[PDB]
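Below: final31.cif (mmCIF, C-alpha atoms)
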```cif
data_query
loop_
_atom_site.group_PDB
_atom_site.id
_atom_site.type_symbol
_atom_site.label_atom_id
_atom_site.label_comp_id
_atom_site.auth_asym_id
_atom_site.auth_seq_id
_atom_site.Cartn_x
_atom_site.Cartn_y
_atom_site.Cartn_z
ATOM 1 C CA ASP F 1 96.221 86.432 126.192
ATOM 2 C CA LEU F 2 96.132 88.096 122.739
ATOM 3 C CA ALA F 3 96.045 84.921 120.627
ATOM 4 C CA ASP F 4 92.947 83.679 122.490
ATOM 5 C CA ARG F 5 91.192 87.065 122.200
ATOM 6 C CA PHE F 6 91.885 87.063 118.409
ATOM 7 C CA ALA F 7 90.594 83.513 118.074
ATOM 8 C CA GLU F 8 87.431 84.547 119.901
ATOM 9 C CA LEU F 9 86.944 87.381 117.382
ATOM 10 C CA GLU F 10 87.390 84.863 114.532
ATOM 11 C CA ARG F 11 84.671 82.698 116.062
ATOM 12 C CA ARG F 12 82.343 85.651 116.766
ATOM 13 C CA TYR F 13 82.559 87.119 113.248
ATOM 14 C CA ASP F 14 82.828 83.823 111.361
ATOM 15 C CA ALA F 15 86.092 85.145 109.876
ATOM 16 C CA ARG F 16 89.797 84.457 109.449
ATOM 17 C CA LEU F 17 91.814 87.274 111.039
ATOM 18 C CA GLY F 18 95.436 88.318 110.350
ATOM 19 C CA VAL F 19 97.366 90.796 112.516
ATOM 20 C CA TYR F 20 100.920 92.174 112.582
ATOM 21 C CA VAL F 21 102.484 95.018 114.610
ATOM 22 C CA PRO F 22 106.305 95.288 114.296
ATOM 23 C CA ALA F 23 108.443 95.406 117.419
ATOM 24 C CA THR F 24 109.634 98.793 118.667
ATOM 25 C CA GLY F 25 112.082 99.854 121.391
ATOM 26 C CA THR F 26 109.509 99.504 124.205
ATOM 27 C CA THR F 27 107.033 96.939 122.692
ATOM 28 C CA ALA F 28 107.058 93.335 121.554
ATOM 29 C CA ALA F 29 105.833 92.394 118.107
ATOM 30 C CA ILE F 30 102.228 91.196 117.848
ATOM 31 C CA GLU F 31 101.514 88.428 115.323
ATOM 32 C CA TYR F 32 98.424 86.354 114.558
ATOM 33 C CA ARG F 33 98.299 84.445 111.233
ATOM 34 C CA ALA F 34 100.882 86.999 110.235
ATOM 35 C CA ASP F 35 102.481 84.845 107.523
ATOM 36 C CA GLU F 36 99.183 83.579 106.037
ATOM 37 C CA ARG F 37 98.135 85.102 102.674
ATOM 38 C CA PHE F 38 95.214 87.544 102.495
ATOM 39 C CA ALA F 39 94.032 89.463 99.466
ATOM 40 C CA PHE F 40 95.443 93.012 99.244
ATOM 41 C CA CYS F 41 92.259 94.644 98.001
ATOM 42 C CA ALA F 42 92.923 98.425 98.024
ATOM 43 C CA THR F 43 95.633 98.282 100.686
ATOM 44 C CA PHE F 44 98.006 98.024 97.732
ATOM 45 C CA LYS F 45 97.191 101.647 96.793
ATOM 46 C CA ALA F 46 99.476 103.058 99.505
ATOM 47 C CA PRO F 47 102.658 101.373 98.206
ATOM 48 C CA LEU F 48 101.373 102.059 94.663
ATOM 49 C CA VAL F 49 101.480 105.782 95.384
ATOM 50 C CA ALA F 50 104.939 105.332 96.934
ATOM 51 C CA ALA F 51 106.150 103.628 93.731
ATOM 52 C CA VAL F 52 104.829 106.464 91.553
ATOM 53 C CA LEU F 53 106.440 109.049 93.863
ATOM 54 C CA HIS F 54 109.756 107.141 93.969
ATOM 55 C CA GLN F 55 110.158 106.588 90.209
ATOM 56 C CA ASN F 56 109.813 110.213 89.024
ATOM 57 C CA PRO F 57 110.804 113.724 90.189
ATOM 58 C CA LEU F 58 108.252 115.701 92.278
ATOM 59 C CA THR F 59 107.298 117.721 89.194
ATOM 60 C CA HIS F 60 105.727 114.520 87.744
ATOM 61 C CA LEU F 61 102.808 115.302 90.092
ATOM 62 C CA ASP F 62 101.527 117.796 87.465
ATOM 63 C CA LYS F 63 101.648 115.393 84.526
ATOM 64 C CA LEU F 64 98.155 115.212 82.961
ATOM 65 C CA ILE F 65 96.657 111.737 82.431
ATOM 66 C CA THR F 66 93.638 111.415 80.115
ATOM 67 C CA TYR F 67 91.072 108.664 80.114
ATOM 68 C CA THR F 68 87.499 107.981 78.860
ATOM 69 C CA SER F 69 84.291 107.039 80.738
ATOM 70 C CA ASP F 70 84.696 103.527 79.288
ATOM 71 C CA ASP F 71 87.939 103.399 81.334
ATOM 72 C CA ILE F 72 85.701 103.604 84.503
ATOM 73 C CA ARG F 73 84.868 99.970 85.422
ATOM 74 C CA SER F 74 84.871 100.339 89.259
ATOM 75 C CA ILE F 75 83.613 102.789 91.893
ATOM 76 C CA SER F 76 85.658 105.903 91.107
ATOM 77 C CA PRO F 77 84.165 108.865 93.002
ATOM 78 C CA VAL F 78 86.857 111.320 91.842
ATOM 79 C CA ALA F 79 87.786 109.977 88.385
ATOM 80 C CA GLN F 80 84.154 110.146 87.234
ATOM 81 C CA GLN F 81 84.023 113.859 88.001
ATOM 82 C CA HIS F 82 86.947 114.661 85.573
ATOM 83 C CA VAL F 83 86.582 112.700 82.264
ATOM 84 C CA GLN F 84 86.743 115.814 79.949
ATOM 85 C CA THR F 85 89.750 117.478 81.693
ATOM 86 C CA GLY F 86 91.844 114.446 82.746
ATOM 87 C CA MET F 87 93.633 114.290 86.114
ATOM 88 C CA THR F 88 97.180 114.997 87.203
ATOM 89 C CA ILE F 89 99.305 112.288 88.854
ATOM 90 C CA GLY F 90 99.014 114.228 92.095
ATOM 91 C CA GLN F 91 95.221 114.192 91.971
ATOM 92 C CA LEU F 92 95.195 110.485 91.094
ATOM 93 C CA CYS F 93 97.342 109.739 94.163
ATOM 94 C CA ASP F 94 94.949 111.808 96.272
ATOM 95 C CA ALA F 95 91.925 109.947 94.885
ATOM 96 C CA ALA F 96 93.516 106.505 95.080
ATOM 97 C CA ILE F 97 94.315 106.889 98.760
ATOM 98 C CA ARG F 98 91.577 109.049 100.204
ATOM 99 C CA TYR F 99 88.441 107.878 98.376
ATOM 100 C CA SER F 100 89.915 104.546 97.281
ATOM 101 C CA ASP F 101 89.139 105.419 93.644
ATOM 102 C CA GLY F 102 89.595 102.275 91.495
ATOM 103 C CA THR F 103 90.147 104.023 88.166
ATOM 104 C CA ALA F 104 92.762 106.266 89.824
ATOM 105 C CA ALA F 105 94.665 103.169 90.927
ATOM 106 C CA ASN F 106 94.519 101.637 87.444
ATOM 107 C CA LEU F 107 95.867 104.842 85.894
ATOM 108 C CA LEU F 108 98.675 104.971 88.470
ATOM 109 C CA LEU F 109 99.529 101.341 87.670
ATOM 110 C CA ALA F 110 99.710 102.264 83.952
ATOM 111 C CA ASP F 111 102.030 105.128 84.889
ATOM 112 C CA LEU F 112 104.549 102.597 86.226
ATOM 113 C CA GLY F 113 104.540 100.901 82.783
ATOM 114 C CA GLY F 114 105.488 97.411 81.625
ATOM 115 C CA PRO F 115 103.276 94.308 81.233
ATOM 116 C CA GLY F 116 100.095 93.515 83.193
ATOM 117 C CA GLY F 117 99.065 97.187 82.993
ATOM 118 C CA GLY F 118 101.791 97.938 85.610
ATOM 119 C CA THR F 119 101.160 95.049 88.040
ATOM 120 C CA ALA F 120 104.566 93.482 87.301
ATOM 121 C CA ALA F 121 106.263 96.830 87.850
ATOM 122 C CA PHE F 122 104.334 97.252 91.115
ATOM 123 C CA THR F 123 105.392 93.760 92.249
ATOM 124 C CA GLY F 124 108.959 94.737 91.233
ATOM 125 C CA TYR F 125 108.771 97.823 93.424
ATOM 126 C CA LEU F 126 107.771 95.693 96.432
ATOM 127 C CA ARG F 127 110.711 93.331 95.715
ATOM 128 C CA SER F 128 113.025 96.342 95.665
ATOM 129 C CA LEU F 129 111.756 97.068 99.226
ATOM 130 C CA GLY F 130 112.611 93.545 100.436
ATOM 131 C CA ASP F 131 109.019 92.199 100.241
ATOM 132 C CA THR F 132 109.381 88.750 98.690
ATOM 133 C CA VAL F 133 105.895 87.431 99.537
ATOM 134 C CA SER F 134 103.400 89.949 98.081
ATOM 135 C CA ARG F 135 102.210 89.993 94.508
ATOM 136 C CA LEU F 136 99.761 91.813 92.326
ATOM 137 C CA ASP F 137 98.439 90.244 89.120
ATOM 138 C CA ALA F 138 95.140 91.941 88.186
ATOM 139 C CA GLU F 139 93.807 95.481 87.978
ATOM 140 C CA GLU F 140 90.718 96.988 89.659
ATOM 141 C CA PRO F 141 88.103 95.665 90.152
ATOM 142 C CA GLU F 142 89.276 92.079 89.383
ATOM 143 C CA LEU F 143 91.952 92.059 92.137
ATOM 144 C CA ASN F 144 89.174 92.073 94.776
ATOM 145 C CA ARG F 145 87.535 88.860 93.375
ATOM 146 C CA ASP F 146 90.036 86.022 93.266
ATOM 147 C CA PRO F 147 88.739 82.783 94.740
ATOM 148 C CA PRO F 148 89.938 81.745 98.247
ATOM 149 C CA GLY F 149 93.289 79.870 98.117
ATOM 150 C CA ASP F 150 94.498 81.656 94.970
ATOM 151 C CA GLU F 151 97.834 83.435 95.738
ATOM 152 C CA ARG F 152 97.374 86.050 93.001
ATOM 153 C CA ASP F 153 96.794 89.545 94.433
ATOM 154 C CA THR F 154 97.828 88.504 97.935
ATOM 155 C CA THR F 155 100.129 89.771 100.676
ATOM 156 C CA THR F 156 100.576 88.885 104.365
ATOM 157 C CA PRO F 157 100.115 91.033 107.465
ATOM 158 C CA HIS F 158 103.846 90.659 108.184
ATOM 159 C CA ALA F 159 104.934 91.705 104.724
ATOM 160 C CA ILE F 160 102.550 94.655 104.243
ATOM 161 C CA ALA F 161 103.358 96.034 107.727
ATOM 162 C CA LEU F 162 107.090 96.105 107.006
ATOM 163 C CA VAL F 163 106.463 97.783 103.635
ATOM 164 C CA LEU F 164 104.247 100.457 105.295
ATOM 165 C CA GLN F 165 106.857 101.059 108.052
ATOM 166 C CA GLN F 166 109.582 101.568 105.421
ATOM 167 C CA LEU F 167 107.413 104.068 103.518
ATOM 168 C CA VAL F 168 106.170 106.236 106.411
ATOM 169 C CA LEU F 169 108.697 105.721 109.287
ATOM 170 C CA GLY F 170 111.877 104.721 107.357
ATOM 171 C CA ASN F 171 113.735 106.115 104.377
ATOM 172 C CA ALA F 172 112.077 104.460 101.373
ATOM 173 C CA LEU F 173 111.012 107.885 100.229
ATOM 174 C CA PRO F 174 112.864 111.210 100.761
ATOM 175 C CA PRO F 175 111.141 113.601 103.198
ATOM 176 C CA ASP F 176 109.173 115.664 100.621
ATOM 177 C CA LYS F 177 107.586 112.627 98.896
ATOM 178 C CA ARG F 178 107.121 110.927 102.268
ATOM 179 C CA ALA F 179 105.113 113.898 103.597
ATOM 180 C CA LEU F 180 102.726 113.710 100.663
ATOM 181 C CA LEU F 181 102.045 109.977 101.148
ATOM 182 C CA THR F 182 101.674 110.518 104.887
ATOM 183 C CA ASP F 183 99.257 113.481 104.443
ATOM 184 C CA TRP F 184 97.022 111.623 101.926
ATOM 185 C CA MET F 185 96.749 108.692 104.325
ATOM 186 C CA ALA F 186 96.183 111.123 107.209
ATOM 187 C CA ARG F 187 93.084 112.536 105.466
ATOM 188 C CA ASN F 188 91.628 109.177 104.371
ATOM 189 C CA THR F 189 87.823 109.256 104.225
ATOM 190 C CA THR F 190 87.194 105.475 104.184
ATOM 191 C CA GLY F 191 88.646 104.159 107.459
ATOM 192 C CA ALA F 192 86.673 105.538 110.434
ATOM 193 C CA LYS F 193 85.111 102.207 111.409
ATOM 194 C CA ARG F 194 88.308 100.131 111.331
ATOM 195 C CA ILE F 195 91.730 100.694 113.019
ATOM 196 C CA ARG F 196 90.676 104.289 113.824
ATOM 197 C CA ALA F 197 87.610 103.016 115.764
ATOM 198 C CA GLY F 198 89.748 100.844 118.109
ATOM 199 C CA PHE F 199 92.360 103.448 119.019
ATOM 200 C CA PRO F 200 91.409 106.222 121.525
ATOM 201 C CA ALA F 201 90.815 109.669 119.885
ATOM 202 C CA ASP F 202 94.021 111.239 121.300
ATOM 203 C CA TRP F 203 96.115 108.824 119.140
ATOM 204 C CA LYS F 204 96.767 109.980 115.575
ATOM 205 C CA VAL F 205 95.864 107.379 112.892
ATOM 206 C CA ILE F 206 96.729 107.411 109.170
ATOM 207 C CA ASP F 207 95.468 104.419 107.132
ATOM 208 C CA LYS F 208 94.453 102.747 103.909
ATOM 209 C CA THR F 209 91.525 100.314 103.771
ATOM 210 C CA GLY F 210 90.710 97.364 101.586
ATOM 211 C CA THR F 211 87.387 95.675 100.972
ATOM 212 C CA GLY F 212 86.340 92.895 98.655
ATOM 213 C CA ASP F 213 84.284 89.867 97.906
ATOM 214 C CA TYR F 214 84.418 86.771 100.113
ATOM 215 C CA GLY F 215 83.901 89.037 103.126
ATOM 216 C CA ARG F 216 87.281 90.675 102.702
ATOM 217 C CA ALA F 217 88.083 93.642 104.904
ATOM 218 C CA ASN F 218 91.531 95.048 105.623
ATOM 219 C CA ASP F 219 93.110 98.109 107.129
ATOM 220 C CA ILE F 220 96.817 99.066 107.237
ATOM 221 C CA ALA F 221 97.814 101.976 109.467
ATOM 222 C CA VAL F 222 100.511 103.932 111.161
ATOM 223 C CA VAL F 223 99.390 105.147 114.601
ATOM 224 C CA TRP F 224 101.021 107.684 117.039
ATOM 225 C CA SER F 225 100.542 107.776 120.856
ATOM 226 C CA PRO F 226 99.382 111.024 122.517
ATOM 227 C CA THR F 227 103.105 111.595 123.323
ATOM 228 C CA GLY F 228 104.154 111.035 119.598
ATOM 229 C CA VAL F 229 105.448 107.379 119.705
ATOM 230 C CA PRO F 230 104.726 105.516 116.386
ATOM 231 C CA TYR F 231 103.403 101.961 115.677
ATOM 232 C CA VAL F 232 102.534 100.098 112.484
ATOM 233 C CA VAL F 233 99.261 98.093 112.436
ATOM 234 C CA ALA F 234 98.157 95.683 109.704
ATOM 235 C CA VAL F 235 94.830 93.924 110.149
ATOM 236 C CA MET F 236 93.439 91.625 107.455
ATOM 237 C CA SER F 237 90.296 89.481 107.264
ATOM 238 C CA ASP F 238 87.993 87.409 105.141
ATOM 239 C CA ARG F 239 84.808 85.306 105.454
ATOM 240 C CA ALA F 240 85.470 83.095 102.470
ATOM 241 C CA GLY F 241 83.409 80.129 103.689
ATOM 242 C CA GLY F 242 80.338 82.318 103.323
ATOM 243 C CA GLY F 243 80.968 82.579 99.560
ATOM 244 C CA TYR F 244 81.542 85.329 97.032
ATOM 245 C CA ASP F 245 78.762 87.510 98.560
ATOM 246 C CA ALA F 246 79.808 87.150 102.236
ATOM 247 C CA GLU F 247 79.531 90.601 103.817
ATOM 248 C CA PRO F 248 82.703 92.232 105.168
ATOM 249 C CA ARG F 249 82.656 92.821 108.963
ATOM 250 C CA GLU F 250 84.236 96.226 109.791
ATOM 251 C CA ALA F 251 83.667 95.719 113.547
ATOM 252 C CA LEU F 252 86.115 92.730 113.507
ATOM 253 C CA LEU F 253 88.931 95.076 112.559
ATOM 254 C CA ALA F 254 87.870 97.720 115.115
ATOM 255 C CA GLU F 255 87.777 95.074 117.838
ATOM 256 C CA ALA F 256 91.103 93.576 116.783
ATOM 257 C CA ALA F 257 92.561 97.093 116.787
ATOM 258 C CA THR F 258 91.126 97.652 120.342
ATOM 259 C CA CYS F 259 93.066 94.568 121.524
ATOM 260 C CA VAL F 260 96.224 95.914 119.890
ATOM 261 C CA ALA F 261 95.753 99.371 121.505
ATOM 262 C CA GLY F 262 95.209 97.881 124.991
ATOM 263 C CA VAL F 263 98.449 95.895 124.734
ATOM 264 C CA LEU F 264 100.456 98.873 123.350
ATOM 265 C CA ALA F 265 99.337 101.183 126.235
ATOM 266 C CA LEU F 266 100.879 98.632 128.717
#
```

Could I get this file's structure written as structure tokens?
Amino acid sequence: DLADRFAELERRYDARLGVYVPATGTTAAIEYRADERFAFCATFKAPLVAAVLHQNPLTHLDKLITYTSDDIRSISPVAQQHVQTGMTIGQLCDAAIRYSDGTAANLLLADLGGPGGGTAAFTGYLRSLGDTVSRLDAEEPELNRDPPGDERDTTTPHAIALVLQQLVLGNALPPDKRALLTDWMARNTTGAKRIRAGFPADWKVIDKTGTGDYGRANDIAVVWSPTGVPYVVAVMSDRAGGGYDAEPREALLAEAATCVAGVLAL
């Protein structure tokens, strides 16, 4: 069975694994440590973009945000190409999702406003979606570095899956904003070795990854069958017993995803 296969992956990769796939018409829910807390890492950037989209009219996409090279304190492949000009909200959303730009995310958090550089507003947005578990407390890059056991900057597989389903498959965003979020995730550059690697190539996969210290590696995705049937997949992991410098294990997520895909085909 699934639970035993997942436990074997935990043993093999010296990791703690969390998995949630919501029920659908034809499929049972899949759940493994689904209510245990794991650090968000950059998986938060998907609902962050949704919050920014939701709170303003579409035209807010062309608002110019300025920032200095001192504001770059994390790997920011796009933001560090545009210090003199600034970047529009639309470009920041693109960068935040597709290259997991950390400065882009921090600027988007500031665009939400309020205390904690926007982290309270972001947590507020998740509450407004019926997510009562998740929370964000720090900015990038600190939110990837909390010690094991600390509930700051955490979510659960269950919670994050239901948020992603609302954003992409439900009605949390109107169709024009929704299509933007969906397209950015569809053209993600960072996820090929995770959920993508465990689903056959004829299935469509959109996703957002997360990676951090203590061997943290996540991926949250929406997948479609070759015949267009959708599923939501949240996979989370850490290797915290190996310390701050424990390497993330991308193959764990690809193998967990392969188990999920096998079950969903039957």

For this session: Write out as an NGL selection string each polymer residue whose atoms come within 12 Å of residue 1 (chain F), counting only C-alpha atoms; drop sequence neighbours fewer than 2 positions from it.
Result: :F and (3-8 or 30 or 32 or 259-260 or 262-263)

Quick one: write out the picked residues with C-alpha atoms as a short mmCIF file (atom, residue, chain, number, x, y, z; two decimals), in the frame of the given file?
```cif
data_model
loop_
_atom_site.label_atom_id
_atom_site.label_comp_id
_atom_site.auth_asym_id
_atom_site.auth_seq_id
_atom_site.Cartn_x
_atom_site.Cartn_y
_atom_site.Cartn_z
CA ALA F 3 96.04 84.92 120.63
CA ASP F 4 92.95 83.68 122.49
CA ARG F 5 91.19 87.06 122.20
CA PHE F 6 91.88 87.06 118.41
CA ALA F 7 90.59 83.51 118.07
CA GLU F 8 87.43 84.55 119.90
CA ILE F 30 102.23 91.20 117.85
CA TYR F 32 98.42 86.35 114.56
CA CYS F 259 93.07 94.57 121.52
CA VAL F 260 96.22 95.91 119.89
CA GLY F 262 95.21 97.88 124.99
CA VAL F 263 98.45 95.90 124.73
#
```

Exercise. Which residues fall under the PyMOL selection byres ((chain F and resi 167) around 10) in this file, as a list in words?
Worked result: residues 46, 47, 50, 51, 129, 161, 162, 163, 164, 165, 166, 168, 169, 170, 171, 172, 173, 174, 177, 178, 181 and 182 of chain F

Exercise. Any chance you could work out the residue set of the PyMOL selection byres ((chain F and resi 155) around 8) here, as a PyMOL selection string?
Worked result: chain F and resi 37-40+133-135+153-154+156-157+159-160

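Across F:151, F:245, F:146, F:250, the tightest approach to residue 191 (chain F) is made by F:250 when counting all atoms listed in the file.
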
Problem set entry | Separation of CA of residue 225 (chain F) from CA of residue 203 (chain F), in Å and rounded to one decimal | 4.9 Å

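Using the PyMOL selection byres ((chain F and resi 19) around 7) on this structure selects residues 17, 18, 20, 21, 31, 32, 33, 34, 157, 234, 235 and 236 of chain F.
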
For this session: Using all atoms listed in the file, determine which residues lie at most 8 Å from residue 244 (chain F), disregarding the query and same-chain residues fewer than 5 positions distant; provide the list as a ChimeraX atom specification.
Result: /F:145,147,213-215

Which residues are close to residue 88 (chain F), i.e. within 12 Å by all atoms listed in the file, leaving aside same-chain residues fewer than 2 positions away? Reply as an mmCIF file with C-alpha atoms, keeping the file's coordinate frame.
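Generated file (part_10.cif):
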```cif
data_model
loop_
_atom_site.group_PDB
_atom_site.id
_atom_site.type_symbol
_atom_site.label_atom_id
_atom_site.label_comp_id
_atom_site.auth_asym_id
_atom_site.auth_seq_id
_atom_site.Cartn_x
_atom_site.Cartn_y
_atom_site.Cartn_z
ATOM 1 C CA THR F 59 107.298 117.721 89.194
ATOM 2 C CA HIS F 60 105.727 114.520 87.744
ATOM 3 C CA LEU F 61 102.808 115.302 90.092
ATOM 4 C CA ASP F 62 101.527 117.796 87.465
ATOM 5 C CA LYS F 63 101.648 115.393 84.526
ATOM 6 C CA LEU F 64 98.155 115.212 82.961
ATOM 7 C CA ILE F 65 96.657 111.737 82.431
ATOM 8 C CA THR F 66 93.638 111.415 80.115
ATOM 9 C CA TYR F 67 91.072 108.664 80.114
ATOM 10 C CA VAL F 78 86.857 111.320 91.842
ATOM 11 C CA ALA F 79 87.786 109.977 88.385
ATOM 12 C CA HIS F 82 86.947 114.661 85.573
ATOM 13 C CA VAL F 83 86.582 112.700 82.264
ATOM 14 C CA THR F 85 89.750 117.478 81.693
ATOM 15 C CA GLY F 86 91.844 114.446 82.746
ATOM 16 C CA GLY F 90 99.014 114.228 92.095
ATOM 17 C CA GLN F 91 95.221 114.192 91.971
ATOM 18 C CA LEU F 92 95.195 110.485 91.094
ATOM 19 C CA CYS F 93 97.342 109.739 94.163
ATOM 20 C CA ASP F 94 94.949 111.808 96.272
ATOM 21 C CA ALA F 95 91.925 109.947 94.885
ATOM 22 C CA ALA F 104 92.762 106.266 89.824
ATOM 23 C CA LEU F 107 95.867 104.842 85.894
ATOM 24 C CA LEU F 108 98.675 104.971 88.470
ATOM 25 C CA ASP F 111 102.030 105.128 84.889
#
```

Seminar exercise, completed: The distance between CA of residue 53 (chain F) and CA of residue 185 (chain F) is 14.3 Å

Quick one: 4 Å padding each side, axis-aligned, all listed atoms of region 87-95 of chain F - centre and edge lengths in Å to one decimal, as JSON?
```
{"center_x": 95.6, "center_y": 112.4, "center_z": 91.2, "size_x": 15.4, "size_y": 13.3, "size_z": 18.2}
```

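In this comparison, which uses all atoms listed in the file, the residue of F:237, F:249, F:209, F:87 approaching residue 188 (chain F) most closely is F:209.
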
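Straight-line separation from CA of residue 113 (chain F) to CA of residue 217 (chain F): 28.5 Å.
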
Problem set entry | Contacts of region 198-201 of chain F within 9 Å, all atoms listed in the file, excl. fewer than 6 positions in-chain, as a count of residues only | 11

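Distances to residue 48 (chain F) were evaluated for F:99, F:122, F:13, F:184 using only C-alpha atoms, and the minimum falls at F:122.
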
Residues within 10 Å of residue 110 (chain F), only C-alpha atoms, excluding chain neighbours under 4 positions, as an mmCIF file with C-alpha atoms, keeping the file's coordinate frame:
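What ended up in part19.cif:
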```
data_model
loop_
_atom_site.group_PDB
_atom_site.id
_atom_site.type_symbol
_atom_site.label_atom_id
_atom_site.label_comp_id
_atom_site.auth_asym_id
_atom_site.auth_seq_id
_atom_site.Cartn_x
_atom_site.Cartn_y
_atom_site.Cartn_z
ATOM 1 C CA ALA F 104 92.762 106.266 89.824
ATOM 2 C CA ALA F 105 94.665 103.169 90.927
ATOM 3 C CA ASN F 106 94.519 101.637 87.444
ATOM 4 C CA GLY F 114 105.488 97.411 81.625
ATOM 5 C CA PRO F 115 103.276 94.308 81.233
ATOM 6 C CA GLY F 116 100.095 93.515 83.193
ATOM 7 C CA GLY F 117 99.065 97.187 82.993
ATOM 8 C CA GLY F 118 101.791 97.938 85.610
ATOM 9 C CA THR F 119 101.160 95.049 88.040
ATOM 10 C CA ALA F 121 106.263 96.830 87.850
ATOM 11 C CA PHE F 122 104.334 97.252 91.115
ATOM 12 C CA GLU F 139 93.807 95.481 87.978
#
```

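For the choices F:124, F:241, F:210, F:228, the atom-to-atom distance to residue 100 (chain F) is smallest for F:210 when using all atoms listed in the file.
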
Missing atoms in region 203-223 of chain F should be modelled up to N, CA and C atoms and reported as a PDB file, in the frame of the given file.
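Result saved to out.pdb:
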```
ATOM      1  N   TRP F 203      95.098 109.401 120.044  1.00  0.00           N
ATOM      2  CA  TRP F 203      96.115 108.824 119.140  1.00  0.00           C
ATOM      3  C   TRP F 203      95.828 109.266 117.710  1.00  0.00           C
ATOM      4  N   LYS F 204      96.869 109.670 116.992  1.00  0.00           N
ATOM      5  CA  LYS F 204      96.767 109.980 115.575  1.00  0.00           C
ATOM      6  C   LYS F 204      96.736 108.612 114.847  1.00  0.00           C
ATOM      7  N   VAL F 205      95.959 108.558 113.759  1.00  0.00           N
ATOM      8  CA  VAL F 205      95.864 107.379 112.892  1.00  0.00           C
ATOM      9  C   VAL F 205      95.859 107.837 111.453  1.00  0.00           C
ATOM     10  N   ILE F 206      96.791 107.346 110.638  1.00  0.00           N
ATOM     11  CA  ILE F 206      96.729 107.411 109.170  1.00  0.00           C
ATOM     12  C   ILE F 206      96.516 105.960 108.668  1.00  0.00           C
ATOM     13  N   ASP F 207      95.804 105.757 107.559  1.00  0.00           N
ATOM     14  CA  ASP F 207      95.468 104.419 107.132  1.00  0.00           C
ATOM     15  C   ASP F 207      95.087 104.323 105.687  1.00  0.00           C
ATOM     16  N   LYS F 208      95.067 103.078 105.197  1.00  0.00           N
ATOM     17  CA  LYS F 208      94.453 102.747 103.909  1.00  0.00           C
ATOM     18  C   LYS F 208      93.679 101.438 104.042  1.00  0.00           C
ATOM     19  N   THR F 209      92.415 101.463 103.639  1.00  0.00           N
ATOM     20  CA  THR F 209      91.525 100.314 103.771  1.00  0.00           C
ATOM     21  C   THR F 209      91.560  99.422 102.536  1.00  0.00           C
ATOM     22  N   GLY F 210      91.034  98.218 102.719  1.00  0.00           N
ATOM     23  CA  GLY F 210      90.710  97.364 101.586  1.00  0.00           C
ATOM     24  C   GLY F 210      89.460  96.581 101.881  1.00  0.00           C
ATOM     25  N   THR F 211      88.666  96.353 100.852  1.00  0.00           N
ATOM     26  CA  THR F 211      87.387  95.675 100.972  1.00  0.00           C
ATOM     27  C   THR F 211      87.171  94.876  99.714  1.00  0.00           C
ATOM     28  N   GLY F 212      86.622  93.679  99.856  1.00  0.00           N
ATOM     29  CA  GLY F 212      86.340  92.895  98.655  1.00  0.00           C
ATOM     30  C   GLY F 212      85.308  91.829  98.876  1.00  0.00           C
ATOM     31  N   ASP F 213      85.171  91.011  97.843  1.00  0.00           N
ATOM     32  CA  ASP F 213      84.284  89.867  97.906  1.00  0.00           C
ATOM     33  C   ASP F 213      84.841  88.825  98.905  1.00  0.00           C
ATOM     34  N   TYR F 214      84.129  87.744  99.104  1.00  0.00           N
ATOM     35  CA  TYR F 214      84.418  86.771 100.113  1.00  0.00           C
ATOM     36  C   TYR F 214      84.596  87.366 101.503  1.00  0.00           C
ATOM     37  N   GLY F 215      83.866  88.435 101.773  1.00  0.00           N
ATOM     38  CA  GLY F 215      83.901  89.037 103.126  1.00  0.00           C
ATOM     39  C   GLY F 215      85.223  89.649 103.519  1.00  0.00           C
ATOM     40  N   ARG F 216      85.956  90.108 102.504  1.00  0.00           N
ATOM     41  CA  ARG F 216      87.281  90.675 102.702  1.00  0.00           C
ATOM     42  C   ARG F 216      87.242  92.099 103.235  1.00  0.00           C
ATOM     43  N   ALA F 217      87.960  92.314 104.323  1.00  0.00           N
ATOM     44  CA  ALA F 217      88.083  93.642 104.904  1.00  0.00           C
ATOM     45  C   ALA F 217      89.438  93.746 105.597  1.00  0.00           C
ATOM     46  N   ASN F 218      90.235  94.694 105.098  1.00  0.00           N
ATOM     47  CA  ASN F 218      91.531  95.048 105.623  1.00  0.00           C
ATOM     48  C   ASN F 218      91.659  96.513 106.026  1.00  0.00           C
ATOM     49  N   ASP F 219      92.641  96.770 106.875  1.00  0.00           N
ATOM     50  CA  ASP F 219      93.110  98.109 107.129  1.00  0.00           C
ATOM     51  C   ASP F 219      94.601  98.032 107.484  1.00  0.00           C
ATOM     52  N   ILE F 220      95.421  98.889 106.859  1.00  0.00           N
ATOM     53  CA  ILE F 220      96.817  99.066 107.237  1.00  0.00           C
ATOM     54  C   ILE F 220      97.026 100.504 107.698  1.00  0.00           C
ATOM     55  N   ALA F 221      97.664 100.671 108.855  1.00  0.00           N
ATOM     56  CA  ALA F 221      97.814 101.976 109.467  1.00  0.00           C
ATOM     57  C   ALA F 221      99.155 102.204 110.129  1.00  0.00           C
ATOM     58  N   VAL F 222      99.513 103.483 110.204  1.00  0.00           N
ATOM     59  CA  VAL F 222     100.511 103.932 111.161  1.00  0.00           C
ATOM     60  C   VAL F 222      99.759 104.754 112.203  1.00  0.00           C
ATOM     61  N   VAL F 223     100.004 104.443 113.476  1.00  0.00           N
ATOM     62  CA  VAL F 223      99.390 105.147 114.601  1.00  0.00           C
ATOM     63  C   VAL F 223     100.464 105.847 115.468  1.00  0.00           C
TER      64      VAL F 223
END
```
